[PDB]
Amino acid sequence: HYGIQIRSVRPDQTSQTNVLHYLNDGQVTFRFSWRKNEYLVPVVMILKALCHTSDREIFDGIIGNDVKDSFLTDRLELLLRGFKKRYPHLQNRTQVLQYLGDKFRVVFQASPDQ
Amino acid sequence: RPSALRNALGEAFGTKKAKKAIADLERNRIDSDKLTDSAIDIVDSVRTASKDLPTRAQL
Amino acid sequence: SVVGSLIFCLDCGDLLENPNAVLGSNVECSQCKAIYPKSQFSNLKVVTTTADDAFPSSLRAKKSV
Ligand SMILES: [Zn+2]
């Protein structure tokens, strides 16, 4: 049931609602909307997509000094290790971007150009 | 491109993907070929059934 | 580096593959080449507990007075 909702609005006041979901499995999935249809992506993908970073930078980003949350230590290990399970071949951020472009190229209408 | 679209769909939704896949199941090969021959025979039956109406417009 | 039950690549920071899924000792990094269990192991253990929420009862209230 738990989840976060942030309504990001661009300077021009056009809005875009972004949701985070906690799966029972520890997995977190991100909801968004494109061509007013909804689309779900694993959050660790959008993280590795934003900036080149280490796994330790994301881990440190979330729990940080909070080293005592066995609850969070284990859920977050499920998250990162689980991503390592699904995508052993996304070794760098650029490749990840290639995976996103490849999977949305049909709908972002950028093709024969981008 | 539709197939590629399907891939995008695969990432987005398990459930919706399931629905589209179901649509594919419904299609199947569509015209089967052996089936097509049998159907041709059926078409002959249709010939009998057919509403042999006329030229429609010229008349 | 090893923290809690996570072990990060010491050179690259990658949460390298668990010493349990290795045949050698040195868990080698998928980004770096470092040894590991070849070097021992973070005797991975966590003292996990209940949140003191799963178990409502009058007796829980008897812990409150
Ligand atoms: Zn490394």
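For the structure itself, consult the block above.
One structure accompanies this document, and this report is about it.

### Section: the coordination of the zinc ion
All names here are of chain C.
- Within the protein, the atoms that donate to the zinc ion are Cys9 (SG), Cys12 (SG), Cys29 (SG), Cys32 (N) and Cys32 (SG), at distances of 2.1 to 2.4 Å.
- Each donor residue of the zinc ion lies on the same chain, and together they follow the pattern C-x2-C-x16-C-x2-C. Residues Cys29 and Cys32 agree in their burial class; the two are buried.

### Observations regarding the interface of chain A and chain B
- With eleven residues of chain A in contact, the opposing surface of chain B contributes eight residues.
- Each partner contributes to the roughly 870 Å² buried at the junction of chain A and chain B, and carbon and sulfur atoms together form 61% of this total.
- By the criterion of area lost to chain B, the three top residues of chain A are A:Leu40, A:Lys103 and A:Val106, representing 48% of everything that side buries.
- Taken together, the connections running from chain A to chain B amount to zero salt bridges.
- Elements that contribute at least two residues to the side of chain A that touches chain B include exactly strand 4 (37–42) and helix 4 (93–104) of chain A.
- Residue contributions to the side of chain A that touches chain B peak at five residues, all from strand 4 of chain A.

### Digging into unusual backbone geometry
- With a phi close to 45 degrees, A:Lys36 is a non-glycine residue in the positive phi region.
- Relative to the helices and strands, A:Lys36 is located in the loop between strand 3 (28–34) and strand 4.
- Accessibility expressed as a relative area gives 85% for A:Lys36, which makes it exposed.
- If you check the backbone angles, C:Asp52 has positive phi at about 60 degrees while not being a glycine.

### A short note on the interface of chain C and chain A
- With 17 residues of chain C at the contact, the number on the chain A side is twelve residues.
- In this assembly, chain C packs against chain A so that about 1,200 Å² is buried in total across both faces, 55% of it on carbon and sulfur atoms.
- Remark: the boundary between chain C and chain A carries two salt bridges.
- Scanning the region where chain C abuts chain A turns up five residue pairs in polar contact.
- Looking at the side of chain C that touches chain A residue by residue, the class counts come to eight nonpolar, seven polar and two charged.

### Considering the state of the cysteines
- Tallying each qualifying case throughout the model produces one disulfide over all chains.
- Between the sulfur atoms of C:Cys9 and its disulfide mate C:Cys32 the distance is 2.2 Å. With the S-S dihedral at roughly 130 degrees, the linkage between C:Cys9 and C:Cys32 falls on the right-handed side. Taken together, the residues C:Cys9 in the loop between strand 2 (6–7) and helix 1 (58–62) and C:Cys32 in the loop between strand 2 and helix 1 connect sequence positions 23 residues apart.
- For C:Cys9, a relative accessible area of 2% puts it in the buried group.
- The structure places no disulfide on A:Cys51, whose sulfur is separated from the nearest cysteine sulfur, that of C:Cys12, by 16 Å.
- For A:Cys51, a relative accessible area of 47% puts it in the partly exposed group.

Conventions and cut-offs
Residues numbered from 1 in each chain as written, not as in the entry; some residues may be left out. Chains lettered and ligands numbered in written order. Part of a larger assembly, values for the part shown. Heavy atoms only, no water. Donors = N, O, S within 2.8 Å, 3.2 Å for Na, K, Ca; no water. Buried < 20%, exposed > 50% of the residue type's maximum accessible area, 1.4 Å probe, protein only. Contact = heavy atoms within 4.5 Å. Buried area = accessible area lost by both parts, 1.4 Å probe. Salt bridge = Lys/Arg side-chain N within 4 Å of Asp/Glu carboxyl O. Helix = DSSP H or I, 4+ residues; strand = E, 2+ residues; numbered from the N terminus. Polar contact = N/O pair within 3.5 Å; in protein donor to acceptor, adjacent residues only side chain to side chain. Nonpolar A, V, L, I, M, F, W, Y, C, P; charged D, E, K, R; others polar. Disulfide = S-S within 2.5 Å.

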